[PDB]
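Below is one structure, written out as structure tokens; comments come after it.
Letters A, B, C, D, E and F mark the chains in the order given here, with residues in each chain numbered from 1 onward.
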Amino acid sequence: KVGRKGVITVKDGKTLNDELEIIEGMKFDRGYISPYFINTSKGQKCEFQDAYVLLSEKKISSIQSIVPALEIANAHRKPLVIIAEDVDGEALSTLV
Amino acid sequence: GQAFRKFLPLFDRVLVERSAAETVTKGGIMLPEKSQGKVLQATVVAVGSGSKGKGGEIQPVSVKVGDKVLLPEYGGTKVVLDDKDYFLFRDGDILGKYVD
Amino acid sequence: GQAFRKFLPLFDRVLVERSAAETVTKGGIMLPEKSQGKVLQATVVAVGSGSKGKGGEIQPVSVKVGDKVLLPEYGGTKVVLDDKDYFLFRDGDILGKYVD
Amino acid sequence: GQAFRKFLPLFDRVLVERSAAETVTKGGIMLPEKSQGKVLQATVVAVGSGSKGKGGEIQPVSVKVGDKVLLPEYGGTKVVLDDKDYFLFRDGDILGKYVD
Amino acid sequence: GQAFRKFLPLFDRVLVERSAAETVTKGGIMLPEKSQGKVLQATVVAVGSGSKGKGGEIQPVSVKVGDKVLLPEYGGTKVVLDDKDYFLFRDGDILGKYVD
Amino acid sequence: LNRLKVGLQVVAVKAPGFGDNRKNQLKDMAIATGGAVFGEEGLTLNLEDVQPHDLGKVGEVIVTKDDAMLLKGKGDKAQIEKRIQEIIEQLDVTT
């Protein structure tokens, strides 16, 4: 599955039998910032299709810094995922 | 001077009412009521009699009731009239006047 | 100038008595006597002779005894007259005058 | 006074627009937008009516709309007109005027 | 007023150019360029129109372009003209004038 | 002071739970009684403009030194069921 030079790791199981689990894509161990963003009841998951991706290396703080992106997203009627160093109080409150 | 709601500013003091703050952007996004801070748009509601600072006879105030004005960010004294907010300025503090 | 209770303010000083503070809301709920703070409604009880700050002849005070006025929140000197409280202002400090 | 974009400065206040900052050196090297700080070159866009500080009749403002000026580094009040930035000065604060 | 290099000071402002600092002592010992600090010798290059602080008509500036002057140690506003340094003073700040 | 001088029927009690647990109980009570939660970070509802329909209704309340009780809330059954369903789903996700 992962090629002869892929990454394989060993972890403790909680079951009687061993299992093989395949990880595709990108796992980076960060959760949702705000529970308000949840849109799927079964499992409390955020599921979106054809989303825009915003990558910010620095923390996102200002209303002036955030408004243009949300305006673009609403104009194009597409979901937006914001990956940023952090979200400050004002931006977080406005988003939620 | 011209009184407003049974109140008249004295000398060159000017009474104005600020307009309501913007609540929705040009799009469909409305803004939290904590972010607007203070708005500098106001309408003149009452006018004083004249400047005591002029030597000799006092000159009349340069603005009239009903004028629309741009206010400074730093002045103003809080007063309450029938639960609506008004601010008292001197003629010299008003940044600008609007005309139609 | 016009004296009041054997006292006369000098020059452009103005003597006023604040009205009693509100004690019951518009409903039936009355308010604790610690919460009203200070009230800006007062009635003019005595008037000075005229402003020393005018060059040449002194001009008369713009207010008359018996006028009802809106006071500022920051001025006033404490004086006691027959155990009732009065405050001394300059003509320039009064925020407003009431008319009927 | 002469109004600009439906706005007129009052008395001896002067409204100006700063020119765009330099972005490329005399060579081909362009400069980061954080390093220019503030530019003192501006063009006069609106002019007030006259100085209240003159005794007697107010004198007209010494500058006219369209003049090019050198500004000081320390003054100015922030105002927003149709998302373009302007600054309000007194006639006395302008360091210089440009002529052609 | 008299303009200099397309620039004219306003009102009673005076534009001057400081002379070059001394670099060699009376002997043959020349001095490091960090030790002279600031020199108070300057030549008047431009002159304003007149003092706004005079009541009534403005009086002309007491100095003329080309005069040599002794400056104070504490005043001056930095301006750049074609990469040569000039300083703006009021007529009242100049310590002295030189005559030949 | 008002209660003493008028007999006004009012009582006040501390919010239970600490941290997000407090918020969870507050919302759960909001659905249970049919009221609303004021001051939420999202959709902040102001105390200055409280409305009669924003307050919950309870048939009986008993308060003592150690505890307080509301017995017969008036929350709508459909939202109550929604809340119970979401809670059991959260219970099933992570343990």
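Heads up, the rule we're going with is that a contact is a pair of C-beta atoms (placed from the backbone, for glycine too) under 8 Å apart; a residue touches a chain by one contact, two chains touch by 3 or more.
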**Asked** Listed by label, which chains are in contact with subunit A and with subunit E?
**Response** none
**Request:** Could you let me know which interface, A-F or B-D, is made of more C-beta pairs in contact?
**Result:** B-D
**Complete:** Separation of the C-alpha centres, subunit C versus subunit E, in whole Å, is 57
**Request:** Starting from the mean Cα coordinates of subunit B and subunit F, work out the distance between those two points in Å.
**Result:** 44
**Prompt:** Using the average of all C-alpha atoms in each chain as its centre, how far is it in Å between subunit A and subunit F?
**Reply:** 32
**Message:** For subunit A versus subunit B, what separation do you get between their C-alpha means, in angstrom?
**Reply:** 49
**Asked** Considering subunit C alone, which of its residues make contact with at least two other chains?
**Response** none
**Request:** Return the residues of subunit A touching two or more other chains; collapse runs of consecutive numbers into ranges.
**Result:** 93
**Fill in**
So, in the complex, the side of subunit B touching subunit C is made of residues 3, 6-11, 13, 52, 55, 77, 79, 88
**Fill in**
The subunit D residues in contact with subunit E across the complex are 55, 62, 70, 72, 92, 94-99
**Message:** Could you list, by residue number, the parts of subunit F that touch subunit A in their complex?
**Reply:** 41-42, 85-86, 89-90, 93
**Prompt:** Inside the complex, what are the residues of subunit B that reach subunit A?
**Reply:** 25, 27-29, 31-32, 35
**Fill in**
In the complex, the residues of subunit A that touch subunit F are 34, 36, 41-44, 92-93, 96
